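Letters go in sequence order (proteins before strands), and every chain restarts at 1.
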Amino acid sequence: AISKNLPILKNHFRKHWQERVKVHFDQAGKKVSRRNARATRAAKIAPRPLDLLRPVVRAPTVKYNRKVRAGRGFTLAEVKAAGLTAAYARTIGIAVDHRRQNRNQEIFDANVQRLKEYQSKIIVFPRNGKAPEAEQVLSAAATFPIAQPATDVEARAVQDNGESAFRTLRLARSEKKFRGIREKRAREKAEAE
Amino acid sequence: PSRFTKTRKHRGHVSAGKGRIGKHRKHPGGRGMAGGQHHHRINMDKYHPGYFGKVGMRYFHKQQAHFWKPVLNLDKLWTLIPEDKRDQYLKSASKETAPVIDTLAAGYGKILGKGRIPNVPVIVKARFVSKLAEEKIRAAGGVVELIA
Amino acid sequence: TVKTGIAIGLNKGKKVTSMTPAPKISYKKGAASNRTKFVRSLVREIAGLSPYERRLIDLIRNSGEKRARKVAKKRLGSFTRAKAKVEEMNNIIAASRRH
Amino acid sequence: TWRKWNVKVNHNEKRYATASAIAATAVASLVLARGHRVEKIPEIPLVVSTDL
Amino acid sequence: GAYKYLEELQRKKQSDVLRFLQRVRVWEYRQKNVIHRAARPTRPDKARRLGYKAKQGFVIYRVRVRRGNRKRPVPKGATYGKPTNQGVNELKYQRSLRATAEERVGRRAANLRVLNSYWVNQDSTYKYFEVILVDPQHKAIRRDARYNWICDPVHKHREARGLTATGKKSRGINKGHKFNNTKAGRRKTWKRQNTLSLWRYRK
RNA sequence: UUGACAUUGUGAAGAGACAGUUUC
RNA sequence: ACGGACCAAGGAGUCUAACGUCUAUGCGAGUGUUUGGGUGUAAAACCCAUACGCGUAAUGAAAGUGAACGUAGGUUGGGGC
RNA sequence: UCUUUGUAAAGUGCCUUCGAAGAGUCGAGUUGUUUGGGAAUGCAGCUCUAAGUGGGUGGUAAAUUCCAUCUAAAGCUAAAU
RNA sequence: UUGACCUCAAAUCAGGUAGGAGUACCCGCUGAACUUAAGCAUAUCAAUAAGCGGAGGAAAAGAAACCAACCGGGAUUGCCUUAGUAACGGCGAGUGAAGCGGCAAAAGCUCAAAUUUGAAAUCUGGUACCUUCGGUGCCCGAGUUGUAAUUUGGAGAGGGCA
Ligand SMILES: [Mg+2]
Ligand SMILES: [Mg+2]
Ligand SMILES: [Mg+2]
Ligand SMILES: [Mg+2]
Ligand SMILES: [Mg+2]
Ligand SMILES: [Mg+2]
Ligand SMILES: [Mg+2]
Ligand SMILES: [Mg+2]
Ligand SMILES: [Mg+2]
Ligand SMILES: [Mg+2]
Ligand SMILES: [Mg+2]
Ligand SMILES: [Mg+2]
Ligand SMILES: [Mg+2]
Ligand SMILES: [Mg+2]
Ligand SMILES: [Mg+2]
Ligand SMILES: [Mg+2]
Ligand SMILES: [Mg+2]
Ligand SMILES: [Mg+2]
Ligand SMILES: [Mg+2]
Ligand SMILES: [Mg+2]
Ligand SMILES: [Mg+2]
Ligand SMILES: [Mg+2]
Ligand SMILES: [Mg+2]
Ligand SMILES: [Mg+2]
Ligand SMILES: [Mg+2]
């Protein structure tokens with residue numbers, strides 16, 4: 001029934017919803033279990049740092065392309081430029097992504113330098129021999145954090161030529177909107193001698 | 001808590017506040033939005049005009065991220081400079097050394113012109129700008145550079 | 001080609017330094033090979049034509065390519081496949097008629 | 001089971017109440033009223049050496 | 001090799017050669033039992049590319065299944081409900097006939113595991129299929145690391161659970177926006193989308 | 001129950017219209 | 001007119017999702033630690049990054065555009081000073 | 001503590017030709033069902049049935065130009081659930 | 001006449017395997033109506049209950065014929081969001097995802113299509129012995145209507161050079 005001045009509600013509770021109620025009573029228990037699992041895995045793989053090194057990539061879409069973030073793995077071109085094979089990089093703790101491609105030089109150099117830093121800061125134990133002392137560092141991400149590149153200086157000179165950025169945007173929008181009809185018009189005008 | 005509810009006060013009183021005649025029942029007028037066009041019409045038309053019918057055209061598979069464009073007014077433009085360089089820039093308004101404000105980095109898509117910035121030159125980098133916002137920035141002595 | 005450097009327009013977007021990644025071996029999934037061209041030619045001259053291919057060739061000879069394309073669009077599922085099939089019938093007719 | 005059991009409190013209000021409780025520990029009348037036998041304590045707050 | 005010629009010639013199903021072979025073979029299959037063992041694959045290249053190998057422990061069965069719709073098995077066509085559920089005749093089974101074929105062969109040969117199947121023939125009444133099966137008990141399969149995965153008990157009756165190629169297609173197991181209802185299992189997706197999730201500190 | 005397509009192939013006649021096609 | 005032979009015990013506006021008005025509290029152009037991580041005397045308490053929600057802009061079906069003539073205006077009341 | 005092994009195995013740079021990649025399947029029509037998927041989201045039945053600089057997808061049906069992106073019709077795989 | 005081959009049989013032949021139970025969770029099939037719409041048929045309940053088949057300690061999914069349209073991301077799963085939104089709906093009642101972003105966990109790969117052709121290099125079984133979750137010798141058999149090595153698109157292969 002409808003009465004009084006109230007917003008129209010859309011509470012979706014017309015199915016057997018009480019059969020599928022999940023209450024996360026186990027939030028604390030699962031946090032403890034995750035911490036125990038991490039401690040167990042760290043002990044099992046010691047002294048490896050519990051996570052692979054990840055590349056820096058640009059987030060897609062207009063909403064997020066202003067930010068960089070960790071990607072899945074380094075490209076084959078990036079690994080080759082760093083001077084090692086993908087098969088060996090995967091064995092020395094480098095995530096490798098065969099399906100990502102490089103079209104951005106700044107990203108490519110950033111990831112190559114990231115691999116150079118990793119290889120400079122890494123110690124690889126010989127396959128057969130006496131291992132030297134090495135304390136376990138747990139986080140490659142904390143050791144090699146992702147940094148947002150600097151886009152501009154803090155302050156500089158005003159260089160104005162009176163081009164009216166608003167007019168620039170208007171004219172770009174108009175040029176795109178009328179690009180097709182102008183091409184057609186030029187096509188028939190060219191055809192008519 | 002239950003001890004503060006009118007249910008405790010209604011103990012001993014027959015109808016529990018629901019009335020002897022009206023006599024609280026299950027769904028006397030229907031369930032949910034039943035009767036919006038028939039017997040709840042007056043409430044619908046008085047409190048929710050425009051509820052029934054279609055307006056406009058559909059957009060199949062609309063992605064809200066395409067329309068991401070948060071707005072920043074000129075009167076808040078100077079809050080994108082951290083306060084500890086803010087006063088240093090406010091005094092000595094210099095054309096040769098004017099602060100650069102990257103509004104996209106701050107998380108904005110378009111600069112709007114609610115107006116009255118101080119008469120100090122600034123380089124405002126934005127994806128979009130309103131005509132009045134650009135005129136006020138240029139009047140203050142700055143410039144808008146377009147970025148993507 | 002290059003991004004203009006503004007948020008709208010024909011080539012909108014940020015101007016970055018391009019790199020032209022090396023070509024994947026995929027993107028050549030549909031490429032023909034000498035092995036496959038030989039196999040397909042031999043199988044075609046072994047098996048011959050389907051009844052609807054015979055009908056298409058007859059229609060090309062009598063009624064023309066427009067009606068042949070219409071019938072091939074009915075038999076296959078799409079206009080683009082009809083055009084490709086009619087072109088292949090035309091090559092068959094030309095090879096059977098030449099010399 | 002899906003009755004609400006835990007209650008969210010704003011972090012700042014939690015810190016407000018903690019600060020007030022800490023300051024109340026330094027009021028002799030408040031501790032005595034709360035029920036502690038501090039009638040012969042030298043001074044409140046009571047600070048002892050780090051050797052403890 | 002010759003498998004490439006076999007692959008290309010099999011695609012010429014309305015050529016005179018294949019029309020003749022299909023008519024003779026369909027009569028031969030119709031004479032035999034509905035399910036019967038095949039001495040060798042009829043299409044060896046197709047069996048190869050579906051995973052068949054000519055070694056002990058690989059078995060081929062041939063099965064025919066009745067074509068057409070699934071008539072709703074209600075007495076006298078009476079459905080006791082609303083008009084939207086009153087249909088009897090134009091209803092379609094949600095699994096393919098090749099899935100029905102695989103399941104009947106697996107029931108016949110419960111000691112084996114259905115690996116794959118392929119179409120071989122059809123007439124108006126029956127579609128004919130050949131099913132590749134692997135014997136999990138044969139030591140030639142228990143060794144040979146490339147194939148002893150199917151000895152794992154989790155692969156019991158995968159044709160019954162829709163884990164073959166036709167089973168995954170009928171289940172709609174594919175990537176992309178066209179399969180939003182069915183990527184991780186449609187009943188699992190429905191449970192996830194219809195679960196009320198409440199936290200300790202209510203959001 | 002009636003029509004269409006599929007199952008569905010092979011000879012002729014010959015209504016023909018007209019290298020052949022096409023219904024009959 | 002209907003229920004009630006008698007007594008004991010049990011016996012009926014609850015919880016949840018979303019929300020309106022009002023009130024209290026914190027902080028305020030911001031606000032929300034508790035998805036998660038850290039930590040722990042271990043489902044508690046304590047601590048925290050990036051995001052995200054709502055808010056700080058509207059309007060149009062939409063493409064779009066987008067808030068100071070002026071002591072942020074004038075007139076009439078207006079508590080207090 | 002034994003051991004064995006390089007003419008085993010694997011890896012990398014430059015020049016040349018090449019580079020096989022799944023068919024009653026994809027796809028199309030129609031019927032039923034299903035989906036938020038709307039000139040049709042998936043599935044299935046019947047009919048038709050491809051190609052190889054090809055094919056699929058790019059959420060308004062169609063023709064004509066491009067462009068982007070992946071590589072189906074075969075298969076295995078722990079954890080977080 | 002004798003010996004093969006193919007196909008099909010028989011045996012209380014040698015050795016195995018399937019069935020049934022449980023079924024909270026999982027993978028499919030089949031499949032309602034009560035109910036709501038203040039009536040009712042599409043719709044809703046609900047792609048649910050009941051019915052049927054099939055697993056495991058998890059299952060399923062899974063290394064893109066993906067998402068996108070960006071300066072691009074990059075197997076699968078799950079949480080927080082997206083969002084009660086785009087959209088569907090006697091456009092009524094109702095219903096209703098997905099991309100991006102933060103996070104938990106992270107892991108990658110295998111066949112078919114290629115002449116070993118100067119050498120079927122492959123495999124079951126039986127038997128004898130032994131260091132017995134197996135190994136070796138011998139033998140029969142399987143297999144060229146193709147068992148090994150080699151390659152899986154990110155590649156990779158023949159040749160040359162190093
Ligand atoms: Mg009273
Ligand atoms: Mg009473
Ligand atoms: Mg009463
Ligand atoms: Mg009433
Ligand atoms: Mg009325
Ligand atoms: Mg109905
Ligand atoms: Mg009465
Ligand atoms: Mg009485
Ligand atoms: Mg009584
Ligand atoms: Mg009582
Ligand atoms: Mg392929
Ligand atoms: Mg059904
Ligand atoms: Mg699997
Ligand atoms: Mg026996
Ligand atoms: Mg009703
Ligand atoms: Mg009623
Ligand atoms: Mg009624
Ligand atoms: Mg059930
Ligand atoms: Mg078990
Ligand atoms: Mg699994
Ligand atoms: Mg692949
Ligand atoms: Mg993903
Ligand atoms: Mg919202
Ligand atoms: Mg629904
Ligand atoms: Mg090799």
Asker: Between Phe128(B) and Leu196(E), who's closer to the 5' end of RNA chain G by nearest nucleotide?
Answerer: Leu196(E)
Asker: Which of parallel (below 30°), tilted (30 to 60°) and perpendicular (above 60°) describes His24(A) and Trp199(E)?
Answerer: parallel
Asker: Does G84(I) have its sugar in the north or the south range once you look at the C1'-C2'-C3'-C4' torsion?
Answerer: south
Asker: Within the 4.0 Å heavy-atom criterion, would you say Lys14(D) contacts the bases, only the backbone, or no part of the nucleic acid?
Answerer: base
Asker: NA contact type, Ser63(C), heavy-atom cut-off 4.0 Å: base, sugar-phosphate, or nothing?
Answerer: nothing
Asker: Taking only N and O in the side chain of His38(B), is any of them less than 4.0 Å away from OP1 or OP2 of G39(I)?
Answerer: no
Asker: With respect to the phosphate group of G90(I), does any side-chain polar atom (N or O) of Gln37(B) fall under 4.0 Å of OP1 or OP2?
Answerer: no
Asker: Go along nucleotides 73-81 of chain H 5' to 3' and tag each nucleotide: B for a protein heavy atom under 4.0 Å from its base, S when only backbone or sugar atoms are that close, - otherwise.
Answerer: -SSSS---S
Asker: For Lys175(E) and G62(I), what is the distance between atoms NZ and P respectively, to the nearest whole Å?
Answerer: 7 Å
Asker: Are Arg3(D) and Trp5(D) in a cation-pi setup, meaning NZ or CZ lies under 6.0 angstrom from the ring centre and within 45 degrees of the ring axis?
Answerer: yes
Asker: Report yes or no: is there a donor-acceptor pair, N or O only, under 3.5 Å between the side chain of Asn85(E) and the base of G31(I)?
Answerer: no
Asker: Going by the sign of the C1'-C2'-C3'-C4' torsion, is the sugar of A9(G) north or south?
Answerer: north
Asker: Using a 4.0 Å heavy-atom cut-off across all strands, classify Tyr201(E) as base, sugar-phosphate, or nothing.
Answerer: base
Asker: Base, sugar-phosphate, or nothing for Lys32(E), non-hydrogen atoms under 4.0 angstrom?
Answerer: nothing
Asker: By the 4.0 Å heavy-atom rule, please label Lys10(A) as base, sugar-phosphate, or nothing.
Answerer: base
Asker: Looking at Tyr126(E), does any N or O in its side chain come under 4.0 Å of the phosphate oxygens OP1/OP2 on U7(F)?
Answerer: no
Asker: Judged by each residue's nearest nucleotide on RNA chain G, which is more toward the 5′ side, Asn6(D) or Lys114(B)?
Answerer: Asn6(D)
Asker: Please confirm whether any donor atom in the side chain of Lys110(B) sits under 3.5 Å from an acceptor in the base of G66(G), or the reverse.
Answerer: yes
Asker: So for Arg103(A), does its side chain get under 5.0 Å from major-groove atoms or from minor-groove atoms?
Answerer: major
Asker: So for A46(I), where does the sugar sit by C1'-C2'-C3'-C4', north or south?
Answerer: south
Asker: Under 4.0 Å between a side-chain N/O of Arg99(A) and OP1 or OP2 of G154(I), yes or no?
Answerer: no
Asker: Using the torsion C1'-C2'-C3'-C4', state whether the ribose or deoxyribose of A61(G) falls on the north (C3'-endo) or south (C2'-endo) side.
Answerer: north
